[PDB]
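1. sequence, then structure. It's an experimental one.
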Amino acid sequence: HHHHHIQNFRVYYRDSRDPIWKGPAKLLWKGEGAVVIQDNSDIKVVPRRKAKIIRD
Amino acid sequence: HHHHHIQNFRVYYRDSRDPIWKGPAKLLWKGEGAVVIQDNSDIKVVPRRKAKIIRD
Amino acid sequence: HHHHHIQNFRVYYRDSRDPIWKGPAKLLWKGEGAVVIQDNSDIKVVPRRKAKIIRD
Ligand code: NI
């Protein structure tokens, strides 16, 4: 069981109540108001406002 | 590998063809017509009509 | 931890840059422009244009 990340996509994300950006994370899904990322072994939901998707 | 749940959100869900509600479950994703929940070690997709999302 | 597939749904999917169809895969989620499938132990995101969802 493994969640293959969207190729050529890295995300920097801001956890609630912390201005420091974390990453780079892998993008697993992109919704209307949030995105799913995998930071190493942690998969989290991040509102788009707290995400910086970066193409490659 | 772990799916971190949406904080301050618990869901009660109705499996197809069973009126009894199950839960409380953790909310992992919220779409237009369905929601993703994690009931212990089981992650399932539940139509919004069969879900009771409860904020905290 | 397990991702229960949408019942009565099998998907055939085309990986980017390969015309050969793979499957059958299990449907885990259905979005606006893409779908989430599980091909054995691999969970991938597939644009709807590269997916053949088949009801049962
Ligand atoms: Ni998983």
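-> That came through, no problem. Numbers count the residues shown, from 1 in each chain, chains lettered A, B, ... in the order given.

2. near chain C, which residues of chain A are found?
-> Residues of chain A lying near chain C by Cβ under 8 Å from any Cβ of the partner chain: A:1, A:2, A:3, A:4, A:6, A:7, A:28, A:29, A:31. In short, each C-beta sits where N, CA and C put it, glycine included.

3. any idea which residue sits dead centre in chain A?
-> residue A:37 (3.2 Å; Cα atoms, centre = their mean).

4. surely that one touches residue A:44?
-> Yes - between residue A:37 and residue A:44 there is a contact under Cβ atoms under 8 Å: 5.9 Å.

5. which residues are common contacts for these two?
-> residue A:13 (Cβ atoms under 8 Å, 6 or more residues apart in numbering or on different chains).

6. re the thing from before, the residue lying closest to the residue nearest to the centre of chain A once chain neighbours are set aside: which element?
-> In this structure, residue A:37 finds its nearest non-sequential neighbour in residue A:25, 4.1 Å apart by Cβ to Cβ, 6 or more residues apart in numbering or on different chains. Following DSSP states H and E, one finds residue A:25 within strand A:22-30.

7. by contact count, what packs against that strand?
-> Packed against strand A:22-30 by the contact rule (3 or more Cβ pairs under 8 Å, 6 or more residues apart in numbering or on different chains; DSSP states H and E) you find strand A:9-13, strand A:34-39, strand A:51-55.

8. so which bits of chain A are right by chain B?
-> So chain A meets chain B at A:1, A:2, A:3, A:16, A:29, A:31, A:36, A:41, A:42, A:43, A:44, A:45 (Cβ under 8 Å from any Cβ).

9. which one of the residues of chain A next to chain C has the most neighbours?
-> In terms of neighbour count, residue A:28 stands highest of the residues of chain A next to chain C at 22 neighbours, by other Cβ atoms under 10 Å in any protein chain shown.

10. what sits up against the strand holding residue A:25?
-> For strand A:22-30, the external contacting residues (Cβ under 8 Å, 6+ apart) are A:3, A:5-6, A:9-15, A:35-39, A:43, A:52-54, B:29, C:29, C:31, C:36, C:45.

11. could you give the angle of it to strand A:34-39?
-> 130 degrees (axes from the mean of the first three to the mean of the last three Cα atoms, to 10 degrees).
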